[PDB]
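Encoded as structure tokens, the structure appears first; notes follow it.
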Amino acid sequence: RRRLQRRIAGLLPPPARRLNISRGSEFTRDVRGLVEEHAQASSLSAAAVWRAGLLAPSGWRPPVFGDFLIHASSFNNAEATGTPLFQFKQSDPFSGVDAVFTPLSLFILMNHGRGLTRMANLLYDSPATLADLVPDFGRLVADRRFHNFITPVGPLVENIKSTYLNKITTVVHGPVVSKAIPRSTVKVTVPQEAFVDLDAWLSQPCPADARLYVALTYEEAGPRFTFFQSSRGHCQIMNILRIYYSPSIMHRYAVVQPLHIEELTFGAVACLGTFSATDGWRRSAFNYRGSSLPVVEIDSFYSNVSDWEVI
Amino acid sequence: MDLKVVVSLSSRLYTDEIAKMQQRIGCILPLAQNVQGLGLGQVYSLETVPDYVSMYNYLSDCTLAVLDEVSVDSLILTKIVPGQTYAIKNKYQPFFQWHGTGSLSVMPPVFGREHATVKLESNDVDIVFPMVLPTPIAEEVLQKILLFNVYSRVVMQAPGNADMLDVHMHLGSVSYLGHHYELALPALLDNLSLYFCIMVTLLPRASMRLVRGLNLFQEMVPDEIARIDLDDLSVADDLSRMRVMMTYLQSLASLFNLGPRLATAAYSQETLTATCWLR
Amino acid sequence: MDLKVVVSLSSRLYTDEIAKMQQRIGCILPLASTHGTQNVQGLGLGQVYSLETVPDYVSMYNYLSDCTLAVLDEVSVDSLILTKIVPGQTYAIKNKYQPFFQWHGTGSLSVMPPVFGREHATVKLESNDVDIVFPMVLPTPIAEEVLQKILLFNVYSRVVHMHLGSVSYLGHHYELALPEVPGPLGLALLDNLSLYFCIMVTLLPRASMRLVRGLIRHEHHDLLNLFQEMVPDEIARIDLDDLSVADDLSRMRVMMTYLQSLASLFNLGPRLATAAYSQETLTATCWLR
Amino acid sequence: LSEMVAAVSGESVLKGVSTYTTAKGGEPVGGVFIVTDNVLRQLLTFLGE
Amino acid sequence: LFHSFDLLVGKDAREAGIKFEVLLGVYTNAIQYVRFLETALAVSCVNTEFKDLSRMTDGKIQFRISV
Amino acid sequence: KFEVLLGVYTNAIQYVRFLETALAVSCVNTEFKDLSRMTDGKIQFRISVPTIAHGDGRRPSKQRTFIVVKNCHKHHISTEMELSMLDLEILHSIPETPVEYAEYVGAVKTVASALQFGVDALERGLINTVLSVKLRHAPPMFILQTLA
């Protein structure tokens, strides 16, 4: 109880300042306390950094979390924390299982039917069960409605282990942080060969933040997943990716039949979240028991998933 | 912050009015404080013609509010901010399941005025709440009421080309995530339909002016029935046609942006609510 | 959270410049960086809108989309202080712009390139060789028709043009300057519109032509006044087909996605969602939409 | 009888001291079995003591 | 505190007891209590304390008007 | 007039401790005060297996030795204790009027009851999770009747 009282008493909001306008002698000591509060909450000392931890409840927002109920064979325990997960829409109304995908188990949903592929098939060796999770991949990519049945649910922050019927928790909206109050930062892990920086392909104003966009795109061999990092807005990166998708407008020209509406859409772009632009993405390497793939490490993520907008 | 907004009810509410306001307590509604223009009820009044586009522009202009508590004289409600979230519920009599959909659209209720309303006999106003529904259902009901308005006005003018049962078989039901709903298809929705009609009529000459602005690359992709219009038209008529067409195109594009698009995270089907923020 | 930029001058601001900047307090200014202390050479919209080159407004729209926005609260000697605009805070923005559009409807505002001219919002610093131009803040119903006039002048340079050159409002008509050439990125937006139209012309429906034919020959609405009682022949040769529902339903789904993509293309520049505008105090409590 | 005492005894508000003790054992008295006189005669040849 | 709630709730303060749970505001109406002497139509009437009205059984009072 | 309205309250609580129940017979409890920093646990048994020298020619098990490990199971116990800030801001003050001495100690009796229902909830959750550890590593009796 003494430990609990000493822990609650430090983690308490400071009381609001009163100015008794009515009385005379109380107003003087209250504005005395007011200037003694400002003078120790502004100057260079340890008092002004002591004041920042009280948080005075607009600036800080506890995020929302998504409790998802998944199968253990459709997931892997050995993955990193900050993997952006992609929930699949289920046709049955009372289902109970929300089939999510890490980018590697979704990369084996990409390639099985046609670096990243090595660690992908090292993490998810048998793809028949993962092709049995989705009821239709080839027809749904044939009519190109796969982008709306796949919704992103933000990066994983807590994975409680279970041998059957695993349960994961992702931040769907808000500042990406862990769930356990022994506090740590959830660094968003993105594999590098799917990650491209848009200034690199662009080859002048400083923003506030540099956002991260996923773009499920419909290449003619199969689907493709590419994580786009842009300092610009959403309706600006639609135009910028219209510039980037140069041979797609030639392919949609060279499939000249217009009544076949399948090749008239080329993927869709969804905004995942906002990390800071003054601190860029860090490169890192993620190791399995045998292999190591280079992985983009992204810190200070604020997840806010947007709709898929058609290129 | 302090966000509790109260509205000024003139007359005290009776028991059935309390029950009907309690029945839909979790839903959202716009805002203009006056109880007269409290929501969408001044467009859905008997005073004006129920025009869709002015209703949409009023719904996208003014702010929204989710109400928390109801009383005999007060209506506790919090308006919407872009900062934080509110827990909202699906309490609409056309029931659409919010199973796992990350987006919610706020549109005027096209399923009839009586379906989403509360009629206050004692007061001065009859309030309505807009439709909060998942966005593939939203664009699907926009398709199946727009094309039904077109295919209905066509068979009112000439019933020799199409069939009413043929359009009522498909254009009266939406099917999203295995749920099969029926559409109450009965005036309404005529100005939006004729706006779309004017757009797709003047879009041939619009595309011709655009491809003549900057050659056979963009002239191959029209088909032969889609290419031929003669090169004789007055300057003022062409300019006014292009200006009015592009005005209706911009309004129609921002209108098929479905307004205030809400986003949800955790839909709990046991309690029928989801954590909802403004996006 | 301190949200306050102190943009500092190198040289001394003269008294007439202090009066001209004190006349503009509360107006939107776009910044180069989001940090606490900046320089003037980089404040405002002048780095993209210069006197030496042609007024190209589409790159100014993407500049206003990308970079941050700030309101001007305090101007003094050697320094002028700005307040940034973040989501989650309500800001007071006063109407100090020279083509006066009255915000009576409390509609959503829009931040514009200075299409009406530079020299009324050019406000000039003779301390240091820089020109601060203030972006036009105005409601989006005016903004869509100004953007369509910008986009339509370039295609109607070839073939009455005073109607497209000026703006339409309820009370007054104001003159906005059009260039003879839009620029590279305006031509890119016109090119993307031309490709969108030349693709979507074949994905137009067939049933609404029967509506417009029977409505022209039957009942004149106020909206049916543009045709001057005339129908072309392209409508007829696409009405030599019979109507079905399946291909039209797939075509209307791809028409929904294409109209959403056009909504993405036309929506340029920042928009501000106003709440509780005061006409007598002439300021508006706004936040970023 | 023990099943009745177990099914009656649960949570109850407004508690206090051990009231109504006995004199021989000094144990607090849990409840009271209001019975008829024939059942009172029978519960002292069955229970016996 | 202005009552005797000691045996009702119990002796222990951690198990049971009293707690301030609402501060209700009531408004007692102020009523003017009038008297016959405080009111001002006592000017008209010279009022006396007879204290036993059964002692006067004759209803008629003899007036001796001297001119 | 503003009548202060008193209301009765009963902390319907039985104080259970883990060391007062007989479930702690089956546990060796230690108080590792910084377990929120431990990321893994280990315990190694090195079991030296003897053998029997035999007369007939057999391939002998030359000094077998098993080294096994057991990693610790780590599970957290979390309660959520609310505390109204109307009752909190009158704790930092001082009473000087009987209405403030009526409501200040009435807030003390609420926050102390919220603290002694937060420790009790953790003790009950500790007993519950010790019992759940015991039940998860409990094979049934019809299997252990012959496997043991």
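In the structure tokens, the first chain shown is A, the next is B, and so on; residue numbers restart at 1 for each chain, and ligands run from 1 in the order shown.
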
DSSP alpha helix (DSSP H) selection over chain F, as a ChimeraX atom specification: /F:98-115,118-136,141-147

Hey, can you spit out that residue selection with C-alpha atoms as a CSV table (one decimal), in the first residue's frame?
chain,number,residue,atom,x,y,z
F,98,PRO,CA,-17.6,22.0,8.8
F,99,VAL,CA,-18.9,21.6,5.2
F,100,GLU,CA,-15.3,21.1,4.0
F,101,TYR,CA,-14.5,18.9,7.0
F,102,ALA,CA,-17.6,17.0,6.1
F,103,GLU,CA,-16.7,16.4,2.4
F,104,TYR,CA,-12.9,16.1,2.9
F,105,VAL,CA,-13.0,13.1,5.2
F,106,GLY,CA,-15.8,11.8,3.0
F,107,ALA,CA,-13.3,11.9,0.1
F,108,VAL,CA,-10.6,10.3,2.2
F,109,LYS,CA,-12.9,7.4,3.0
F,110,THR,CA,-13.5,7.0,-0.8
F,111,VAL,CA,-9.8,7.2,-1.9
F,112,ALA,CA,-8.7,4.9,0.9
F,113,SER,CA,-11.4,2.5,0.0
F,114,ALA,CA,-10.3,2.7,-3.6
F,115,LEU,CA,-6.7,1.9,-2.5
F,118,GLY,CA,-6.9,-2.1,-5.5
F,119,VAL,CA,-4.6,-4.1,-3.3
F,120,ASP,CA,-7.3,-6.7,-2.6
F,121,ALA,CA,-8.1,-7.0,-6.3
F,122,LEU,CA,-4.4,-7.7,-7.0
F,123,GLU,CA,-4.3,-10.3,-4.2
F,124,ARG,CA,-7.4,-12.0,-5.6
F,125,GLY,CA,-5.9,-11.9,-9.1
F,126,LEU,CA,-2.7,-13.3,-7.7
F,127,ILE,CA,-4.5,-16.3,-6.1
F,128,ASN,CA,-6.5,-16.7,-9.3
F,129,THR,CA,-3.4,-16.7,-11.6
F,130,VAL,CA,-1.6,-19.1,-9.2
F,131,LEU,CA,-4.6,-21.4,-9.4
F,132,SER,CA,-4.6,-21.0,-13.2
F,133,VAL,CA,-0.9,-21.9,-13.4
F,134,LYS,CA,-1.7,-25.0,-11.3
F,135,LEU,CA,-4.7,-25.9,-13.5
F,136,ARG,CA,-2.8,-25.4,-16.8
F,141,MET,CA,-6.2,-38.3,-13.1
F,142,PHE,CA,-7.1,-41.0,-15.7
F,143,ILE,CA,-3.8,-40.2,-17.5
F,144,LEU,CA,-1.6,-39.9,-14.5
F,145,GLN,CA,-3.1,-43.1,-13.0
F,146,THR,CA,-0.9,-45.1,-15.4
F,147,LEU,CA,1.7,-42.6,-16.8

Shell of 9 Å around segment 66-70 of chain F, only C-alpha atoms, local chain residues under 5 positions omitted, as a list in words: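 So the residues in contact are residues 41, 42, 43, 44, 45, 46, 47, 48 and 49 of chain F.
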
Residue neighbourhood segment 59-72 of chain C, 7 Å, only C-alpha atoms, exclusion window fewer than 4 positions, as an MDAnalysis selection string: (chainID A and resid 205:208 232:233 236) or (chainID C and resid 25:32 34 48 81:85 112:113 185 268:270)

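Here atom CA of residue 102 of chain A stands at a distance of 7.7 Å from atom CA of residue 75 of chain A.
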
8 Å contacts from chain F to chain E using only C-alpha atoms, as a PyMOL selection string: chain F and resi 1-13+102-103+106+109+113

Requested write-out: N, CA, C and O atoms of the selected residues, as a short mmCIF file (atom, residue, chain, number, x, y, z; two decimals), in the first residue's frame:
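And here is the file that came out, part28.cif:
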data_model
loop_
_atom_site.label_atom_id
_atom_site.label_comp_id
_atom_site.auth_asym_id
_atom_site.auth_seq_id
_atom_site.Cartn_x
_atom_site.Cartn_y
_atom_site.Cartn_z
N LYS F 1 -31.04 27.11 0.84
CA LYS F 1 -30.23 26.34 1.77
C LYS F 1 -29.67 25.13 1.04
O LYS F 1 -30.32 24.58 0.15
N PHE F 2 -28.47 24.72 1.41
CA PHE F 2 -27.76 23.63 0.75
C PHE F 2 -27.48 22.55 1.79
O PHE F 2 -26.46 22.59 2.48
N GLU F 3 -28.39 21.59 1.89
CA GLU F 3 -28.25 20.51 2.86
C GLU F 3 -27.22 19.50 2.38
O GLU F 3 -27.36 18.94 1.28
N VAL F 4 -26.19 19.27 3.17
CA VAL F 4 -25.24 18.21 2.85
C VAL F 4 -25.89 16.87 3.16
O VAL F 4 -26.37 16.64 4.28
N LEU F 5 -25.93 16.00 2.17
CA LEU F 5 -26.66 14.74 2.28
C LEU F 5 -25.67 13.62 2.51
O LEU F 5 -24.87 13.29 1.63
N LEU F 6 -25.72 13.01 3.69
CA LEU F 6 -24.86 11.88 4.01
C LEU F 6 -25.46 10.60 3.46
O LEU F 6 -26.69 10.45 3.40
N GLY F 7 -24.60 9.68 3.07
CA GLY F 7 -25.03 8.40 2.55
C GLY F 7 -24.16 7.29 3.10
O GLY F 7 -22.94 7.43 3.20
N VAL F 8 -24.81 6.19 3.45
CA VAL F 8 -24.09 5.08 4.06
C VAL F 8 -23.39 4.25 2.98
O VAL F 8 -23.75 4.26 1.81
N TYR F 9 -22.34 3.55 3.41
CA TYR F 9 -21.52 2.75 2.52
C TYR F 9 -20.98 1.56 3.31
O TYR F 9 -20.67 1.69 4.49
N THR F 10 -20.94 0.40 2.66
CA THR F 10 -20.44 -0.82 3.29
C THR F 10 -19.39 -1.45 2.38
O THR F 10 -19.72 -1.90 1.28
N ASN F 11 -18.15 -1.49 2.84
CA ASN F 11 -17.09 -2.20 2.14
C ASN F 11 -17.29 -3.69 2.37
O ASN F 11 -16.78 -4.26 3.34
N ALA F 12 -18.04 -4.33 1.48
CA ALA F 12 -18.37 -5.74 1.60
C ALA F 12 -17.20 -6.59 1.11
O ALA F 12 -17.22 -7.19 0.04
N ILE F 13 -16.16 -6.64 1.94
CA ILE F 13 -14.88 -7.21 1.56
C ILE F 13 -14.40 -8.17 2.64
O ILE F 13 -14.53 -7.89 3.84
N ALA F 102 -16.68 18.02 6.35
CA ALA F 102 -17.63 16.96 6.08
C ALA F 102 -17.36 16.27 4.77
O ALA F 102 -17.54 15.05 4.67
N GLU F 103 -16.93 17.02 3.75
CA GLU F 103 -16.68 16.42 2.45
C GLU F 103 -15.23 15.97 2.25
O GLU F 103 -14.99 15.06 1.45
N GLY F 106 -14.97 12.60 3.82
CA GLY F 106 -15.77 11.75 2.96
C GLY F 106 -15.10 11.42 1.65
O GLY F 106 -15.45 10.41 1.03
N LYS F 109 -12.32 8.75 2.85
CA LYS F 109 -12.94 7.44 2.97
C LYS F 109 -13.29 6.82 1.63
O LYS F 109 -13.60 5.63 1.58
N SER F 113 -10.71 3.65 0.40
CA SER F 113 -11.44 2.45 0.01
C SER F 113 -11.13 2.05 -1.42
O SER F 113 -11.29 0.89 -1.80
#

Length of the atom CA of residue 71 of chain B to atom CA of residue 6 of chain B vector [Å]: 10.9 Å

Report the closest atom pair, with its distance in Å rounded to one decimal, for each residue of chain D that has an atom no farther than 10 Å from chain E; count only C-alpha atoms, sort by chain and then rising residue number, and write it as a tab-separated table.
residue	atom	partner	partner_atom	distance
D:13	CA	E:16	CA	8.3
D:14	CA	E:9	CA	5.4
D:15	CA	E:10	CA	6.4
D:16	CA	E:10	CA	5.4
D:17	CA	E:10	CA	8.2

Filtering to N, CA, C and O atoms, could you give me those residues as a short mmCIF file (atom, residue, chain, number, x, y, z; two decimals), in the first residue's frame?
data_model
loop_
_atom_site.label_atom_id
_atom_site.label_comp_id
_atom_site.auth_asym_id
_atom_site.auth_seq_id
_atom_site.Cartn_x
_atom_site.Cartn_y
_atom_site.Cartn_z
N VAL D 13 -25.27 -6.30 4.26
CA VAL D 13 -24.75 -5.00 4.66
C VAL D 13 -24.96 -4.82 6.16
O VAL D 13 -25.64 -5.64 6.80
N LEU D 14 -24.37 -3.76 6.72
CA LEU D 14 -24.60 -3.29 8.09
C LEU D 14 -24.22 -4.34 9.13
O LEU D 14 -25.06 -4.84 9.88
N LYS D 15 -22.94 -4.68 9.16
CA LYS D 15 -22.45 -5.66 10.11
C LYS D 15 -21.82 -4.98 11.32
O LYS D 15 -21.59 -3.76 11.33
N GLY D 16 -21.53 -5.77 12.33
CA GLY D 16 -20.95 -5.24 13.54
C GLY D 16 -20.41 -6.33 14.44
O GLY D 16 -19.83 -7.31 13.97
N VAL D 17 -20.60 -6.13 15.74
CA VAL D 17 -20.02 -7.03 16.74
C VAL D 17 -20.72 -8.38 16.73
O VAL D 17 -21.81 -8.55 16.16
#

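Atom CA of residue 249 of chain B is positioned 10.2 Å from atom CA of residue 148 of chain C.
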
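Look at residue 132 of chain B: the protein and nucleic acid residues within 7 Å of it, using only C-alpha atoms and passing over chain neighbours fewer than 2 places away, are residues 104, 105, 106, 107 and 130 of chain B.
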
Written selection (C-alpha atoms) as a short mmCIF file (atom, residue, chain, number, x, y, z; two decimals), in the first residue's frame:
data_model
loop_
_atom_site.label_atom_id
_atom_site.label_comp_id
_atom_site.auth_asym_id
_atom_site.auth_seq_id
_atom_site.Cartn_x
_atom_site.Cartn_y
_atom_site.Cartn_z
CA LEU B 104 -18.48 5.16 -42.19
CA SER B 105 -20.24 7.59 -44.53
CA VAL B 106 -22.74 10.26 -43.51
CA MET B 107 -25.36 10.83 -46.22
CA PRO B 130 -28.69 11.16 -41.47
#

Give me the chain F side of the contact with chain A, cut-off 10 Å, one line per residue showing its nearest atom pair and distance in Å at one decimal, counting only C-alpha atoms, sorted by chain and residue number, as a tab-separated table.
residue	atom	partner	partner_atom	distance
F:36	CA	A:182	CA	6.4
F:37	CA	A:182	CA	7.8
F:75	CA	A:160	CA	9.9
F:76	CA	A:180	CA	8.9
F:78	CA	A:180	CA	9.8
F:85	CA	A:13	CA	9.4
F:88	CA	A:15	CA	9.2
F:89	CA	A:15	CA	6.5
F:90	CA	A:15	CA	9.7
F:92	CA	A:15	CA	8.0
F:93	CA	A:15	CA	9.8
F:112	CA	A:5	CA	9.8
F:115	CA	A:1	CA	7.4
F:116	CA	A:1	CA	7.8
F:118	CA	A:4	CA	9.0
F:119	CA	A:1	CA	7.0

Based on the selection just made, write C-alpha atoms of those residues as a compact mmCIF listing (two decimals), in the first residue's frame.
# COMPACT_ATOMS: atom_id res chain seq x y z
CA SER F 36 8.94 -5.97 -14.97
CA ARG F 37 12.57 -5.78 -16.18
CA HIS F 75 1.97 -13.23 -16.80
CA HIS F 76 0.72 -9.85 -15.65
CA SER F 78 -3.89 -5.62 -14.13
CA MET F 85 -11.28 14.16 -9.44
CA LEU F 88 -9.29 14.49 -5.51
CA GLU F 89 -8.94 18.28 -5.63
CA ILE F 90 -10.36 18.60 -2.10
CA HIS F 92 -4.78 18.88 -1.57
CA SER F 93 -6.67 21.59 0.32
CA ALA F 112 -8.70 4.90 0.95
CA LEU F 115 -6.74 1.89 -2.50
CA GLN F 116 -7.75 -1.02 -0.27
CA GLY F 118 -6.94 -2.09 -5.47
CA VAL F 119 -4.57 -4.13 -3.33

According to DSSP computed on the backbone, where in segment 120-202 of chain A is there strand (DSSP E or B)? Give the residues as an mmCIF file with C-alpha atoms, in the first residue's frame.
data_model
loop_
_atom_site.group_PDB
_atom_site.id
_atom_site.type_symbol
_atom_site.label_atom_id
_atom_site.label_comp_id
_atom_site.auth_asym_id
_atom_site.auth_seq_id
_atom_site.Cartn_x
_atom_site.Cartn_y
_atom_site.Cartn_z
ATOM 1 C CA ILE A 150 -7.988 -5.862 -47.685
ATOM 2 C CA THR A 151 -8.041 -3.247 -44.958
ATOM 3 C CA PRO A 152 -4.984 -2.199 -42.937
ATOM 4 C CA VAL A 153 -5.293 -2.193 -39.150
ATOM 5 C CA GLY A 154 -2.018 -0.565 -38.117
ATOM 6 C CA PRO A 155 1.167 -1.985 -36.624
ATOM 7 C CA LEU A 156 1.284 -4.785 -34.057
ATOM 8 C CA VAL A 157 2.150 -3.640 -30.536
ATOM 9 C CA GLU A 158 1.421 -6.755 -28.447
ATOM 10 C CA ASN A 159 1.339 -10.422 -29.434
ATOM 11 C CA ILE A 160 0.296 -12.726 -26.590
ATOM 12 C CA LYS A 167 -4.653 -13.182 -30.283
ATOM 13 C CA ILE A 168 -2.892 -10.011 -31.447
ATOM 14 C CA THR A 169 -3.342 -6.347 -30.563
ATOM 15 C CA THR A 170 -2.614 -3.558 -33.051
ATOM 16 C CA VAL A 171 -2.952 0.215 -32.773
ATOM 17 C CA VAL A 172 -5.681 0.983 -35.317
ATOM 18 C CA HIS A 173 -5.648 4.737 -34.669
ATOM 19 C CA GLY A 174 -3.428 6.916 -32.538
ATOM 20 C CA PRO A 175 0.154 7.126 -31.285
ATOM 21 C CA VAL A 188 7.567 0.036 -37.283
ATOM 22 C CA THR A 189 9.374 -2.676 -39.253
ATOM 23 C CA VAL A 190 8.988 -2.599 -43.046
ATOM 24 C CA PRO A 191 11.051 -4.831 -45.388
ATOM 25 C CA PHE A 195 9.941 0.129 -49.303
ATOM 26 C CA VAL A 196 10.743 2.980 -51.694
ATOM 27 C CA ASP A 197 11.383 6.628 -50.857
#
